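Engineer: Provided herewith is a single structure, encoded as structure tokens, for subsequent inquiry.
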Amino acid sequence: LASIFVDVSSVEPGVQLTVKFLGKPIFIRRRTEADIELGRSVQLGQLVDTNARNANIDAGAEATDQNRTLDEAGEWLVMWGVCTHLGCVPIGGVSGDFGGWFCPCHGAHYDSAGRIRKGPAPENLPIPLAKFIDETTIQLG
Ligand code: FES
């Protein structure tokens, strides 16, 4: 019975909701049109980590923008807010050099799809088991 159910009905574009799950933060960002476009503009060959790190799809899936969001429209980016270096909480609100998150502990930069682009972190921020169960609610777990 671990699953939790997050009401995202009030999350506007450019807002991140942070919820605690299994003791750690989950970031739920409703991405802006700029975030989405920028995420879709990155070639796989440009990425540090080409694996989607996404619990919801094949473990060998490529880290395309489309394989990083819950929805086809790419508005809903849900990920563990746990830096893949040493587990600090990355700072969002379009921070760092790649329009995403910056981990101030040792300077990891993640892009607008949560993919690692610069710094000592080895992997893209992982995506939890997560799905919409209706228009307004994301089940985590
Ligand atoms: S814990 Fe994030 S860069 Fe080291």
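Chain A residue numbers are taken from Swiss-Prot; in order, the displayed residues are 47-187.
Method of determination (from the header): X-ray crystallography, 1.4 Å.
Note that Cβ sites are derived from N, Cα and C of the backbone, with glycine treated the same way.
According to Swiss-Prot, the protein has these features:
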type: BINDING; residues: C129, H131, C149, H152; note: [2Fe-2S] cluster binding site
type: DISULFID; residues: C134-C151; note: disulfide bond
Engineer: Can you tell which of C129, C134, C149, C151 has the most other C-beta atoms within 10 Å, given these are the recorded positions?
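Structural biologist: Going through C129, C134, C149, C151 one by one, the largest Cβ count within 10 Å is at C149.
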Engineer: Report the same-chain neighbours of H131 ([2Fe-2S] cluster binding site): residues 6+ apart in sequence with Cβ closer than 8 Å to its Cβ, ordered by sequence.
Structural biologist: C149, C151, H152, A154, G165, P166, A167, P168
Engineer: Give me the count of other Cβ atoms within 10 A of the Cβ belonging to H152 ([2Fe-2S] cluster binding site).
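Structural biologist: Excluding its own Cβ, the number within 10 Å is 12.
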Engineer: What are the other residues, in sequence order, whose C-beta lies within 8 angstroms of the center of the C-beta atoms of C129, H131, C149, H152 at the [2Fe-2S] cluster site?
Structural biologist: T130, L132, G133, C134, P136, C151, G153, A154, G165, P166, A167
Engineer: Tell me whether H131 ([2Fe-2S] cluster binding site) sits in a helix, a strand or coil according to DSSP.
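Structural biologist: Coil, per DSSP.
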